[PDB]
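**Q** You'll find upload11.cif just under this line, and it carries mmCIF, C-alpha atoms.
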```cif
data_model
#
loop_
_atom_site.label_atom_id
_atom_site.label_comp_id
_atom_site.auth_asym_id
_atom_site.auth_seq_id
_atom_site.Cartn_x
_atom_site.Cartn_y
_atom_site.Cartn_z
CA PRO A 595 -28.47 54.48 -0.14
CA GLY A 596 -31.15 52.32 1.48
CA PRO A 597 -30.64 48.62 2.17
CA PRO A 598 -31.97 46.50 -0.74
CA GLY A 599 -35.04 44.40 0.05
CA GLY A 600 -35.48 40.64 0.14
CA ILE A 601 -33.48 38.28 -2.05
CA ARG A 602 -34.92 35.59 -4.34
CA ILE A 603 -32.96 32.49 -5.32
CA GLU A 604 -33.34 31.92 -9.07
CA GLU A 605 -30.94 29.08 -9.91
CA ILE A 606 -28.29 27.00 -8.13
CA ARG A 607 -25.40 25.33 -9.96
CA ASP A 608 -22.19 23.83 -8.57
CA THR A 609 -20.06 26.98 -8.88
CA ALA A 610 -22.65 29.75 -9.30
CA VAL A 611 -26.11 30.93 -8.24
CA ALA A 612 -28.58 33.34 -9.85
CA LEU A 613 -30.12 36.11 -7.73
CA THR A 614 -32.86 38.72 -7.89
CA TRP A 615 -33.78 41.30 -5.25
CA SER A 616 -36.01 44.26 -4.41
CA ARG A 617 -35.00 47.91 -4.79
CA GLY A 618 -33.26 49.82 -2.01
CA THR A 619 -34.13 53.48 -1.35
CA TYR A 628 -25.16 47.07 -6.82
CA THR A 629 -22.41 44.95 -5.26
CA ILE A 630 -22.65 41.45 -3.79
CA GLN A 631 -21.00 39.68 -0.85
CA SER A 632 -21.04 36.02 0.17
CA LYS A 633 -20.55 34.09 3.42
CA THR A 634 -19.82 30.52 4.53
CA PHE A 635 -18.59 28.82 7.70
CA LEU A 636 -15.01 29.60 6.66
CA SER A 637 -15.47 33.03 8.20
CA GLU A 638 -18.01 35.20 9.97
CA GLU A 639 -16.63 37.86 7.61
CA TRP A 640 -18.35 38.64 4.32
CA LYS A 641 -16.37 38.26 1.09
CA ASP A 642 -16.91 40.45 -1.97
CA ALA A 643 -18.23 38.21 -4.73
CA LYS A 644 -17.59 38.06 -8.48
CA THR A 645 -20.58 38.29 -10.83
CA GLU A 646 -22.11 38.16 -14.30
CA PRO A 647 -22.28 40.91 -15.44
CA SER A 648 -18.89 41.76 -13.94
CA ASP A 649 -20.42 45.14 -13.04
CA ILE A 650 -24.04 45.70 -11.98
CA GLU A 651 -25.86 48.91 -12.91
CA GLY A 652 -28.59 50.25 -10.64
CA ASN A 653 -30.84 49.51 -13.61
CA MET A 654 -30.75 45.75 -12.99
CA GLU A 655 -32.41 43.94 -10.10
CA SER A 656 -30.64 40.69 -10.86
CA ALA A 657 -27.25 39.13 -10.98
CA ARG A 658 -25.38 35.87 -10.86
CA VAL A 659 -22.64 35.16 -8.30
CA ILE A 660 -19.82 32.94 -9.59
CA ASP A 661 -16.77 30.81 -8.77
CA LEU A 662 -18.49 29.36 -5.71
CA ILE A 663 -17.34 26.14 -4.04
CA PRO A 664 -19.35 22.97 -4.82
CA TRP A 665 -21.44 21.53 -1.96
CA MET A 666 -20.84 24.66 0.13
CA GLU A 667 -23.44 26.53 2.17
CA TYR A 668 -23.83 30.20 1.25
CA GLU A 669 -25.59 33.41 2.23
CA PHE A 670 -25.71 36.58 0.12
CA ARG A 671 -26.39 40.29 0.66
CA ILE A 672 -26.71 43.30 -1.65
CA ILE A 673 -25.17 46.78 -1.36
CA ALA A 674 -26.33 49.87 -3.27
CA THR A 675 -24.73 53.12 -4.43
CA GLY A 679 -23.22 55.74 -1.99
CA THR A 680 -22.05 52.50 -0.38
CA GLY A 681 -25.17 52.40 1.76
CA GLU A 682 -26.01 49.77 4.35
CA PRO A 683 -25.90 46.15 3.15
CA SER A 684 -29.09 44.13 2.79
CA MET A 685 -30.34 41.39 5.06
CA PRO A 686 -28.80 38.08 4.00
CA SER A 687 -30.59 35.78 1.62
CA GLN A 688 -31.76 32.39 2.83
CA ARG A 689 -28.85 30.00 3.25
CA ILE A 690 -28.40 27.79 0.18
CA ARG A 691 -26.19 24.84 -0.78
CA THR A 692 -24.47 24.72 -4.17
CA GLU A 693 -24.69 21.55 -6.25
CA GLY A 694 -21.85 19.06 -5.87
CA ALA A 695 -18.98 18.11 -8.15
CA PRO A 696 -16.15 15.59 -8.19
CA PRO A 697 -13.50 16.51 -5.58
CA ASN A 698 -10.63 18.49 -7.14
CA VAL A 699 -7.85 17.93 -4.59
CA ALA A 700 -5.91 14.85 -3.47
CA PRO A 701 -5.37 13.89 0.19
CA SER A 702 -2.05 15.08 1.65
CA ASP A 703 0.43 13.61 4.14
CA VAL A 704 0.15 10.01 2.96
CA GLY A 705 2.18 7.28 4.62
CA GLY A 706 1.80 4.52 7.20
CA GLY A 707 3.66 1.79 9.06
CA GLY A 708 3.78 -0.19 12.28
CA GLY A 709 0.79 -1.95 13.82
CA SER A 710 0.54 -5.32 15.55
CA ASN A 711 1.08 -8.74 13.94
CA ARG A 712 -0.04 -9.10 10.31
CA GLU A 713 -1.34 -5.55 9.92
CA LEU A 714 -0.72 -2.90 7.26
CA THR A 715 -1.62 0.49 8.72
CA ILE A 716 -2.12 3.26 6.17
CA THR A 717 -2.47 6.95 7.05
CA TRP A 718 -3.36 10.23 5.35
CA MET A 719 -4.53 13.72 6.37
CA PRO A 720 -8.33 13.91 6.00
CA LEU A 721 -9.71 16.62 3.70
CA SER A 722 -11.53 19.44 5.47
CA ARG A 723 -15.30 19.78 4.95
CA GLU A 724 -14.40 22.60 2.56
CA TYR A 725 -13.03 20.12 0.00
CA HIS A 726 -15.83 17.53 0.17
CA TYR A 727 -17.46 19.09 -2.91
CA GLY A 728 -20.43 16.71 -2.74
CA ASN A 729 -22.81 14.30 -1.01
CA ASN A 730 -21.71 10.95 0.43
CA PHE A 731 -18.04 11.90 0.72
CA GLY A 732 -15.38 9.27 1.38
CA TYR A 733 -11.94 7.87 0.55
CA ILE A 734 -10.75 4.93 -1.56
CA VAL A 735 -7.48 3.39 -0.37
CA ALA A 736 -5.28 1.51 -2.85
CA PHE A 737 -2.24 -0.65 -2.13
CA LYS A 738 -0.05 -3.36 -3.66
CA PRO A 739 3.14 -5.25 -2.69
CA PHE A 740 6.03 -3.33 -4.25
CA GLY A 741 6.53 -4.03 -7.94
CA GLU A 742 3.25 -5.90 -8.51
CA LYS A 743 0.65 -5.33 -11.23
CA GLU A 744 -2.75 -5.02 -9.54
CA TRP A 745 -3.88 -2.71 -6.74
CA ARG A 746 -6.24 -3.73 -3.94
CA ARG A 747 -8.98 -1.14 -3.40
CA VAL A 748 -10.94 -0.62 -0.18
CA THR A 749 -13.62 2.00 0.48
CA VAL A 750 -13.70 4.12 3.63
CA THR A 751 -17.04 5.82 4.37
CA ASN A 752 -15.53 7.93 7.15
CA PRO A 753 -14.80 11.51 5.97
CA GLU A 754 -13.32 12.22 9.41
CA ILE A 755 -10.72 9.42 9.68
CA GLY A 756 -7.27 9.38 8.16
CA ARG A 757 -6.37 5.75 8.77
CA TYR A 758 -7.00 2.26 7.40
CA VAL A 759 -5.69 -1.01 8.83
CA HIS A 760 -5.41 -3.93 6.41
CA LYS A 761 -5.18 -7.39 7.96
CA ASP A 762 -3.62 -10.29 6.07
CA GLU A 763 -2.29 -13.39 7.84
CA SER A 764 -0.14 -14.22 4.80
CA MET A 765 1.80 -10.94 5.02
CA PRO A 766 5.45 -11.41 5.98
CA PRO A 767 6.73 -8.87 8.52
CA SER A 768 8.02 -5.53 7.20
CA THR A 769 6.74 -6.25 3.68
CA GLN A 770 7.40 -3.28 1.38
CA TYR A 771 4.22 -1.75 -0.08
CA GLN A 772 3.10 0.92 -2.54
CA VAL A 773 0.10 2.81 -1.16
CA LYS A 774 -2.10 5.78 -2.10
CA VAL A 775 -5.46 7.44 -1.41
CA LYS A 776 -8.12 9.35 -3.37
CA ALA A 777 -11.23 11.20 -2.22
CA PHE A 778 -14.69 10.68 -3.69
CA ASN A 779 -18.33 11.73 -3.45
CA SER A 780 -21.66 10.97 -5.14
CA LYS A 781 -20.56 13.00 -8.19
CA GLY A 782 -17.32 11.12 -8.85
CA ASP A 783 -13.71 10.52 -7.85
CA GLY A 784 -11.05 13.01 -6.79
CA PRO A 785 -7.38 12.81 -7.83
CA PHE A 786 -5.18 10.16 -6.22
CA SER A 787 -2.55 11.25 -3.72
CA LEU A 788 1.20 10.84 -4.10
CA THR A 789 2.34 7.21 -3.90
CA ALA A 790 4.11 6.40 -0.63
CA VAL A 791 6.25 3.38 0.23
CA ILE A 792 5.36 1.87 3.61
CA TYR A 793 6.31 -1.39 5.33
CA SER A 794 3.88 -3.77 7.03
CA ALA A 795 3.99 -4.42 10.77
CA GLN A 796 6.82 -6.52 12.17
CA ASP A 797 5.94 -9.57 14.26
CA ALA A 798 5.84 -9.27 18.04
CA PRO A 799 8.55 -11.26 19.83
CA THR A 800 7.44 -14.84 20.57
CA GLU A 801 10.20 -15.92 22.96
CA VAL A 802 10.36 -15.47 26.72
CA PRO A 803 12.96 -13.76 28.91
CA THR A 804 14.82 -16.61 30.64
CA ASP A 805 16.79 -16.85 33.90
CA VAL A 806 14.59 -14.22 35.52
CA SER A 807 15.55 -13.55 39.14
CA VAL A 808 14.54 -11.02 41.79
CA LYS A 809 16.74 -9.81 44.65
CA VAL A 810 15.02 -8.01 47.53
CA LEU A 811 17.21 -4.99 48.34
CA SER A 812 15.33 -3.20 51.10
CA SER A 813 11.89 -2.50 52.54
CA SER A 814 10.90 -0.69 49.33
CA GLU A 815 13.28 -1.92 46.63
CA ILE A 816 13.89 -5.07 44.58
CA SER A 817 16.32 -5.81 41.74
CA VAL A 818 15.03 -7.67 38.69
CA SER A 819 17.47 -9.43 36.35
CA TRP A 820 17.03 -11.57 33.23
CA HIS A 821 18.57 -13.30 30.22
CA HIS A 822 18.22 -11.56 26.84
CA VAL A 823 16.26 -13.18 24.04
CA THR A 824 17.99 -13.47 20.65
CA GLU A 825 15.34 -12.15 18.24
CA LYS A 826 16.86 -9.30 16.22
CA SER A 827 13.70 -7.20 16.31
CA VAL A 828 13.46 -6.83 20.10
CA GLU A 829 13.69 -3.17 21.13
CA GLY A 830 13.33 -3.44 24.90
CA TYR A 831 11.86 -5.26 27.90
CA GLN A 832 8.79 -4.55 30.04
CA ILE A 833 8.82 -5.39 33.75
CA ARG A 834 5.39 -5.75 35.34
CA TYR A 835 5.06 -5.82 39.11
CA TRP A 836 1.88 -5.98 41.18
CA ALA A 837 1.25 -6.81 44.83
CA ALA A 838 -0.68 -9.79 46.21
CA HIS A 839 -3.71 -7.63 46.99
CA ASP A 840 -3.89 -6.31 43.42
CA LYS A 841 -5.45 -7.48 40.16
CA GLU A 842 -2.80 -8.49 37.60
CA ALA A 843 -4.25 -6.11 35.01
CA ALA A 844 -3.67 -3.26 37.48
CA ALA A 845 0.08 -3.84 37.56
CA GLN A 846 2.78 -1.17 37.47
CA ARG A 847 5.23 -1.14 34.58
CA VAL A 848 8.78 -0.20 33.65
CA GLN A 849 10.37 -0.19 30.19
CA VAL A 850 14.09 -0.50 29.53
CA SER A 851 16.10 -0.57 26.30
CA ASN A 852 17.22 -3.88 24.78
CA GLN A 853 20.65 -3.15 26.25
CA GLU A 854 19.64 -3.59 29.90
CA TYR A 855 19.90 -6.91 31.77
CA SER A 856 18.40 -5.65 35.04
CA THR A 857 16.35 -2.87 36.66
CA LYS A 858 15.75 -1.63 40.21
CA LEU A 859 12.14 -1.13 41.31
CA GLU A 860 11.57 1.56 43.95
CA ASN A 861 8.77 2.82 46.22
CA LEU A 862 7.39 -0.64 47.01
CA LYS A 863 5.49 -1.14 50.28
CA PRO A 864 7.33 -2.84 53.19
CA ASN A 865 6.59 -6.44 54.20
CA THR A 866 4.50 -6.96 51.07
CA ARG A 867 4.20 -9.84 48.61
CA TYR A 868 4.94 -8.82 45.00
CA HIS A 869 4.49 -10.68 41.71
CA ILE A 870 7.13 -9.86 39.06
CA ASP A 871 7.12 -10.22 35.26
CA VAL A 872 9.52 -9.66 32.37
CA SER A 873 8.65 -9.64 28.65
CA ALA A 874 10.24 -8.59 25.36
CA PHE A 875 8.69 -6.07 22.95
CA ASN A 876 9.03 -4.27 19.64
CA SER A 877 6.82 -1.86 17.67
CA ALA A 878 4.20 -4.60 17.23
CA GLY A 879 3.66 -5.35 20.93
CA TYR A 880 4.68 -7.68 23.74
CA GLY A 881 5.84 -11.28 23.68
CA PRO A 882 4.91 -13.80 26.37
CA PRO A 883 5.97 -12.79 29.90
CA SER A 884 8.40 -14.85 32.00
CA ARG A 885 7.00 -17.18 34.64
CA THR A 886 5.85 -15.07 37.57
CA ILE A 887 8.27 -14.75 40.49
CA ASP A 888 7.09 -13.91 44.01
CA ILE A 889 8.99 -12.11 46.76
CA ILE A 890 8.35 -10.20 49.97
CA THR A 891 9.88 -6.81 50.71
CA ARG A 892 11.72 -6.37 54.01
CA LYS A 893 9.84 -5.17 57.09
#
```
Render the structure in this file as structure tokens.

**A**
Amino acid sequence: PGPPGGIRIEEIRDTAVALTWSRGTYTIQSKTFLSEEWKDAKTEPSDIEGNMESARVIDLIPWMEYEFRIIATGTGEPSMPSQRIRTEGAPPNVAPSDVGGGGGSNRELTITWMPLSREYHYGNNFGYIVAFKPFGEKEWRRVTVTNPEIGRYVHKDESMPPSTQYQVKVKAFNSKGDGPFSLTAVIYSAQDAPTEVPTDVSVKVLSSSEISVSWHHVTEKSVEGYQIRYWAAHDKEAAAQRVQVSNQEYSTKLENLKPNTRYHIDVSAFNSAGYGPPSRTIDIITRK
């Protein structure tokens, strides 16, 4: 039949809205950002006679934006959408997924989780509360994160020993209340960066474009490799080139250097928490 006329919004709850409309020369569909497609909607009454100009759409998502249109019968053109409305909010009903963490620089405890999509926000002023305690303790430390779009918190505590075992978890929340906590993950705090320096560093000019850099290994168990910085005289130190080798290398050959050119050379130790102090700078000239 004909497309039903305009739509009037009668009531808005968190999971349902009441509707009334004008006659068309019924069935209801809804729409959100989830799809440009319209979804057939459930109602009260479950079935709508042509007799009635009103109905109530149900099982809507809290704090979601909705449009609605009406269809008459047989199976004529759908109506123009109603004005876009937003359902009332409720406490979030899903916990954050993919919870873990680890690493970071000295004295950090980095905690991570997958952020809930807008779809799950369920209310105004959405956020996350992060909870964590040293393994086997009584009390949790809570911190609030007002960033619905970030899945990371970094806790800083100078007292924290390196690789301290921790119990951690995350829940969502909005102005209406708290969502369910996530699974409890076991993460370790950041390890300390190496503090010692590569000793006995030497550089052997091999050619017009190559030098060999050698050094003595440090003894810290945590060290994972060594970084060799090299920059020329006419360069800023912070614009240096770099090479990284495993902790099982005592030397490395640097290629593609410019001929007859003064080069500064560096060696430092590193692990997952960053770089230790570099060796005293050694200068050389490449061959002509």

**Q** Measuring atom to atom with all atoms listed in the file, identify which of A:694, A:830, A:707, A:679 is nearest to residue 854 in chain A.

**A**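 Checking each candidate against residue 854 in chain A, we get A:830 as the closest.
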
**Q** Out of A:823, A:859, A:870, A:791, which residue has the shortest atom-to-atom distance to residue 838 in chain A when counting all atoms listed in the file?

**A** A:870

**Q** Please write the residues picked by the PyMOL selection byres ((chain A and resi 606) around 10) on this file as a ChimeraX atom specification.

**A** /A:603-605,607-613,658-659,690-693

**Q** With all atoms listed in the file as the atoms that count, which of A:652, A:803, A:739, A:782 lies nearest to residue 672 in chain A?

**A**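 Smallest distance to residue 672 in chain A is found for A:652.
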
**Q** Can you list, as a ChimeraX atom specification, every protein, DNA or RNA residue that comes within 9 Å of residue 714 in chain A when you count only C-alpha atoms, leaving out same-chain residues fewer than 3 positions away?

**A** /A:706-710,758-762,765,769,771,792-795

**Q** I'd like the neighbourhood of residue 653 in chain A as JSON, numbers by chain, where a residue qualifies if any of its atoms comes within 12 Å (using all atoms listed in the file), though same-chain residues fewer than 4 positions away should be ignored.

**A** {"A": [616, 617, 618, 628, 649, 657, 674, 675]}

**Q** Could you work out how far CA of residue 809 in chain A lies from CA of residue 861 in chain A, giving the answer in Å with one decimal?

**A** 15.0 Å

**Q** Quick one: residues within 7 Å of residue 798 in chain A, all atoms listed in the file, excluding same-chain residues fewer than 6 positions away - as a compact mmCIF listing (two decimals) with C-alpha atoms, in the coordinates of the input?

**A**
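Okay, this is what ended up in part-v7.txt:
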```txt
# COMPACT_ATOMS: atom_id res chain seq x y z
CA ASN A 711 1.08 -8.74 13.94
CA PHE A 875 8.69 -6.07 22.95
CA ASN A 876 9.03 -4.27 19.64
CA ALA A 878 4.20 -4.60 17.23
CA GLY A 879 3.66 -5.35 20.93
CA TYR A 880 4.68 -7.68 23.74
CA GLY A 881 5.84 -11.28 23.68
```

**Q** Choose the residue, out of A:775, A:630, A:872, A:862, that has the smallest atom-to-atom separation from residue 680 in chain A; count all atoms listed in the file.

**A** A:630

**Q** Go ahead and compute the interatomic distance for CA of residue 840 in chain A and CA of residue 874 in chain A, in Å to one decimal.

**A**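 Between these atoms lies a distance of 23.0 Å.
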
**Q** When the PyMOL selection byres ((chain A and resi 631) around 9) is applied to the file above, which residues end up in the set, as a count of residues only?

**A** 15
